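Enquirer: Sharing a structure with you now.
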Amino acid sequence: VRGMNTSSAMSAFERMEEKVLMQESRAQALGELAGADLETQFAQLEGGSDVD
Amino acid sequence: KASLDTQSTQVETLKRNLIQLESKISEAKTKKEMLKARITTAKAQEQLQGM
Amino acid sequence: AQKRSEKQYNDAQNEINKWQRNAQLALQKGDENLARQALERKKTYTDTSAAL
Amino acid sequence: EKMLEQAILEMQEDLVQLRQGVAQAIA
């Protein structure tokens, strides 16, 4: 309850959150870097021209 | 009673220290995040030198 | 090498023409930021063309 | 050509590392 050194629930939460946060943030951040390209924003305008 | 009074003062100090320590550990975690960010910035500067 | 530079220069000119059309299209679309970005890109292309 | 060719390969890998660092900062 007080959280001795290897209290299985608390220790597991720590180890999972290390993976969980790093992976998810990497994917969002690298996804925004891959999506940063100006020509891709031009592809949204192109999709507008194409549908019209 | 005299022994209890002397012991009580020591106990109060210990309790105060523990409370301070709890505040301190949280601050240390925050410091690590700040430290990590500056290191990343330094690495970027190194890349410019390579160019 | 001369042909390659000319082709690159030609490509830059073609890209600039495409960008100009896109900039005009952006104004019609109503996205002010996109049009401004295209102009900046054109300047960069022009600089590259000048260097070439 | 040899001095120039080696340099080009090296700069690209460095850029990828820089991007990862930026992502971490963003994260």
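Here's how to read the names in the structure tokens: chain A, B, ... by the order shown, residue numbers from 1 in each chain, ligand numbers from 1 in the order shown.
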Counting only C-alpha atoms, give me one row per residue of chain B with an atom at most 8 Å from an atom of chain D, showing the shortest contact pair and its distance in Å to one decimal, sorted by chain then residue number, as a tab-separated table.
Expert:
```
residue	atom	partner	partner_atom	distance
B:37	CA	D:25	CA	5.9
B:40	CA	D:21	CA	5.6
B:41	CA	D:21	CA	7.8
B:43	CA	D:18	CA	7.4
B:44	CA	D:18	CA	5.8
B:47	CA	D:14	CA	6.6
B:50	CA	D:11	CA	7.8
B:51	CA	D:11	CA	6.8
```
Enquirer: Let's have the selection written as a compact mmCIF listing (two decimals), in the first residue's frame, with N, CA, C and O atoms.
Expert:
```txt
# COMPACT_ATOMS: atom_id res chain seq x y z
N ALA B 37 16.11 18.11 -22.04
CA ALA B 37 15.85 19.06 -23.13
C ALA B 37 17.09 19.85 -23.55
O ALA B 37 17.34 20.03 -24.74
N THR B 40 19.54 17.77 -25.63
CA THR B 40 19.09 17.60 -27.01
C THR B 40 19.46 18.83 -27.84
O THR B 40 19.88 18.70 -28.99
N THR B 41 19.31 20.01 -27.24
CA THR B 41 19.65 21.26 -27.91
C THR B 41 21.14 21.31 -28.23
O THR B 41 21.54 21.77 -29.30
N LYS B 43 23.09 18.77 -28.75
CA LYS B 43 23.34 17.81 -29.83
C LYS B 43 23.08 18.46 -31.19
O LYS B 43 23.81 18.22 -32.15
N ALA B 44 22.02 19.26 -31.27
CA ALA B 44 21.67 19.96 -32.51
C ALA B 44 22.78 20.92 -32.92
O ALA B 44 23.11 21.04 -34.10
N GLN B 47 25.64 19.10 -34.53
CA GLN B 47 25.33 18.73 -35.91
C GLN B 47 25.70 19.86 -36.87
O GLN B 47 26.20 19.62 -37.97
N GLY B 50 29.35 19.88 -37.63
CA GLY B 50 29.68 18.82 -38.57
C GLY B 50 29.51 19.27 -40.01
O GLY B 50 30.30 18.92 -40.88
N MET B 51 28.46 20.06 -40.26
CA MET B 51 28.17 20.60 -41.58
C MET B 51 29.31 21.51 -42.06
O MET B 51 29.66 21.51 -43.24
```
Enquirer: Taking only C-alpha atoms into account, find every residue of chain A that has an atom no more than 10 Å from chain C, and write it out as a PDB file with N, CA, C and O atoms, in the first residue's frame.
Expert:
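Okay, out07.pdb is ready:
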```
ATOM      1  N   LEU A  38       5.404  21.328 -47.134  1.00  0.00           N
ATOM      2  CA  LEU A  38       4.502  22.284 -47.778  1.00  0.00           C
ATOM      3  C   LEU A  38       3.780  21.685 -48.992  1.00  0.00           C
ATOM      4  O   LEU A  38       2.595  21.940 -49.183  1.00  0.00           O
ATOM      5  N   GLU A  39       4.451  20.860 -49.797  1.00  0.00           N
ATOM      6  CA  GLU A  39       3.836  20.249 -50.985  1.00  0.00           C
ATOM      7  C   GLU A  39       2.639  19.356 -50.604  1.00  0.00           C
ATOM      8  O   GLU A  39       1.632  19.349 -51.299  1.00  0.00           O
ATOM      9  N   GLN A  41       0.585  20.125 -48.128  1.00  0.00           N
ATOM     10  CA  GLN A  41      -0.488  21.110 -47.926  1.00  0.00           C
ATOM     11  C   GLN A  41      -1.046  21.583 -49.286  1.00  0.00           C
ATOM     12  O   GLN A  41      -2.260  21.660 -49.491  1.00  0.00           O
ATOM     13  N   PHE A  42      -0.163  21.762 -50.272  1.00  0.00           N
ATOM     14  CA  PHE A  42      -0.545  21.911 -51.676  1.00  0.00           C
ATOM     15  C   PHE A  42      -1.358  20.698 -52.172  1.00  0.00           C
ATOM     16  O   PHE A  42      -2.319  20.900 -52.894  1.00  0.00           O
ATOM     17  N   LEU A  45      -4.943  21.455 -51.420  1.00  0.00           N
ATOM     18  CA  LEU A  45      -5.481  22.337 -52.473  1.00  0.00           C
ATOM     19  C   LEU A  45      -5.733  21.593 -53.787  1.00  0.00           C
ATOM     20  O   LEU A  45      -6.760  21.793 -54.425  1.00  0.00           O
ATOM     21  N   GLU A  46      -4.811  20.716 -54.177  1.00  0.00           N
ATOM     22  CA  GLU A  46      -4.911  19.880 -55.368  1.00  0.00           C
ATOM     23  C   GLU A  46      -6.149  18.987 -55.272  1.00  0.00           C
ATOM     24  O   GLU A  46      -6.934  18.967 -56.207  1.00  0.00           O
ATOM     25  N   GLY A  48      -8.825  19.718 -53.563  1.00  0.00           N
ATOM     26  CA  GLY A  48      -9.917  20.670 -53.770  1.00  0.00           C
ATOM     27  C   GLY A  48     -10.163  20.976 -55.253  1.00  0.00           C
ATOM     28  O   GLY A  48     -11.299  20.909 -55.712  1.00  0.00           O
ATOM     29  N   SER A  49      -9.105  21.247 -56.019  1.00  0.00           N
ATOM     30  CA  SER A  49      -9.171  21.472 -57.468  1.00  0.00           C
ATOM     31  C   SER A  49      -9.674  20.241 -58.208  1.00  0.00           C
ATOM     32  O   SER A  49     -10.467  20.328 -59.139  1.00  0.00           O
TER      33      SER A  49
END
```
Enquirer: Would you return as a count of residues only the members of chain A that DSSP assigns to helix (DSSP H, G or I) on this structure's backbone?
Expert: 41
Enquirer: Which value, in Å to one decimal, gives the distance between CA of residue 20 (chain A) and CA of residue 39 (chain B)?
Expert: 22.2 Å
Enquirer: Would you list the contacts of residue 45 (chain C) as a JSON list (two decimals) with N, CA and C atoms, in the first residue's frame, taking every protein, DNA or RNA residue within 9 Å and counting only C-alpha atoms, but skipping same-chain residues closer than 2 positions in sequence?
Expert:
```
[["chain", "number", "residue", "atom", "x", "y", "z"],
["C", 12, "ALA", "N", 13.02, 24.07, -62.52],
["C", 12, "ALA", "CA", 12.78, 25.14, -61.56],
["C", 12, "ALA", "C", 11.78, 26.13, -62.15],
["C", 13, "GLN", "N", 11.95, 26.46, -63.42],
["C", 13, "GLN", "CA", 11.05, 27.39, -64.09],
["C", 13, "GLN", "C", 9.65, 26.78, -64.15],
["C", 15, "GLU", "N", 8.48, 24.53, -62.12],
["C", 15, "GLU", "CA", 8.00, 24.49, -60.75],
["C", 15, "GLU", "C", 7.46, 25.86, -60.35],
["C", 16, "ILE", "N", 8.17, 26.91, -60.76],
["C", 16, "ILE", "CA", 7.77, 28.27, -60.46],
["C", 16, "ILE", "C", 6.42, 28.57, -61.11],
["C", 40, "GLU", "N", 7.20, 32.54, -51.18],
["C", 40, "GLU", "CA", 8.50, 32.33, -50.55],
["C", 40, "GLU", "C", 9.25, 31.20, -51.25],
["C", 41, "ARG", "N", 8.52, 30.15, -51.61],
["C", 41, "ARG", "CA", 9.09, 29.01, -52.31],
["C", 41, "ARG", "C", 9.61, 29.43, -53.68],
["C", 42, "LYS", "N", 8.86, 30.30, -54.35],
["C", 42, "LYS", "CA", 9.25, 30.79, -55.67],
["C", 42, "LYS", "C", 10.56, 31.56, -55.59],
["C", 43, "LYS", "N", 10.73, 32.36, -54.54],
["C", 43, "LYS", "CA", 11.95, 33.13, -54.36],
["C", 43, "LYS", "C", 13.13, 32.18, -54.18],
["C", 47, "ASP", "N", 16.32, 31.79, -56.63],
["C", 47, "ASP", "CA", 17.70, 31.87, -56.16],
["C", 47, "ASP", "C", 18.48, 30.66, -56.66],
["C", 48, "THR", "N", 17.85, 29.49, -56.60],
["C", 48, "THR", "CA", 18.48, 28.27, -57.07],
["C", 48, "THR", "C", 18.73, 28.36, -58.57],
["C", 49, "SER", "N", 17.75, 28.90, -59.29],
["C", 49, "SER", "CA", 17.86, 29.06, -60.73],
["C", 49, "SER", "C", 18.99, 30.02, -61.07],
["C", 50, "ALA", "N", 19.08, 31.10, -60.29],
["C", 50, "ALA", "CA", 20.13, 32.09, -60.50],
["C", 50, "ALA", "C", 21.49, 31.46, -60.27]]
```
Enquirer: Rounded to one decimal in Å, what is the spacing between CA of residue 4 (chain B) and CA of residue 22 (chain B)?
Expert: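 CA of residue 4 (chain B) sits 26.6 Å away from CA of residue 22 (chain B).
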Enquirer: Report the distance between CA of residue 44 (chain C) and CA of residue 42 (chain B) in Å, rounded to one decimal place.
Expert: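 One can read the CA of residue 44 (chain C) to CA of residue 42 (chain B) distance as 28.9 Å.
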Enquirer: Tell me as a list in words which residues belonging to chain A come within 9 Å of chain D, counting only C-alpha atoms.
Expert: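 So the residues of chain A near chain D are residues 21, 22, 24, 25, 26, 27, 28, 29, 30, 32 and 33 of chain A.
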Enquirer: Deliver the residues from the most recent selection as a file, using N, CA and C atoms, as a PDB file, in the first residue's frame.
Expert:
```
ATOM      1  N   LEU A  21       4.682   6.223 -22.925  1.00  0.00           N
ATOM      2  CA  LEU A  21       4.864   7.622 -23.183  1.00  0.00           C
ATOM      3  C   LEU A  21       5.870   7.815 -24.309  1.00  0.00           C
ATOM      4  N   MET A  22       7.025   7.144 -24.258  1.00  0.00           N
ATOM      5  CA  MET A  22       8.042   7.359 -25.287  1.00  0.00           C
ATOM      6  C   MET A  22       7.555   6.984 -26.672  1.00  0.00           C
ATOM      7  N   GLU A  24       4.439   6.569 -27.855  1.00  0.00           N
ATOM      8  CA  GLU A  24       3.305   7.305 -28.407  1.00  0.00           C
ATOM      9  C   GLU A  24       3.707   8.708 -28.837  1.00  0.00           C
ATOM     10  N   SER A  25       4.545   9.345 -28.033  1.00  0.00           N
ATOM     11  CA  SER A  25       5.031  10.677 -28.326  1.00  0.00           C
ATOM     12  C   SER A  25       5.921  10.701 -29.562  1.00  0.00           C
ATOM     13  N   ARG A  26       6.810   9.711 -29.712  1.00  0.00           N
ATOM     14  CA  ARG A  26       7.652   9.587 -30.900  1.00  0.00           C
ATOM     15  C   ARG A  26       6.806   9.536 -32.154  1.00  0.00           C
ATOM     16  N   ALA A  27       5.769   8.708 -32.139  1.00  0.00           N
ATOM     17  CA  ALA A  27       4.905   8.514 -33.289  1.00  0.00           C
ATOM     18  C   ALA A  27       4.138   9.786 -33.637  1.00  0.00           C
ATOM     19  N   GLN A  28       3.605  10.497 -32.641  1.00  0.00           N
ATOM     20  CA  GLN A  28       2.941  11.772 -32.888  1.00  0.00           C
ATOM     21  C   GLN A  28       3.914  12.822 -33.435  1.00  0.00           C
ATOM     22  N   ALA A  29       5.103  12.921 -32.846  1.00  0.00           N
ATOM     23  CA  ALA A  29       6.087  13.936 -33.191  1.00  0.00           C
ATOM     24  C   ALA A  29       6.706  13.688 -34.570  1.00  0.00           C
ATOM     25  N   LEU A  30       7.154  12.462 -34.824  1.00  0.00           N
ATOM     26  CA  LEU A  30       7.683  12.066 -36.116  1.00  0.00           C
ATOM     27  C   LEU A  30       6.596  12.125 -37.192  1.00  0.00           C
ATOM     28  N   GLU A  32       4.106  14.392 -37.199  1.00  0.00           N
ATOM     29  CA  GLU A  32       4.051  15.823 -37.494  1.00  0.00           C
ATOM     30  C   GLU A  32       5.239  16.306 -38.336  1.00  0.00           C
ATOM     31  N   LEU A  33       6.448  15.782 -38.118  1.00  0.00           N
ATOM     32  CA  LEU A  33       7.605  16.034 -38.990  1.00  0.00           C
ATOM     33  C   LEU A  33       7.414  15.477 -40.410  1.00  0.00           C
TER      34      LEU A  33
END
```
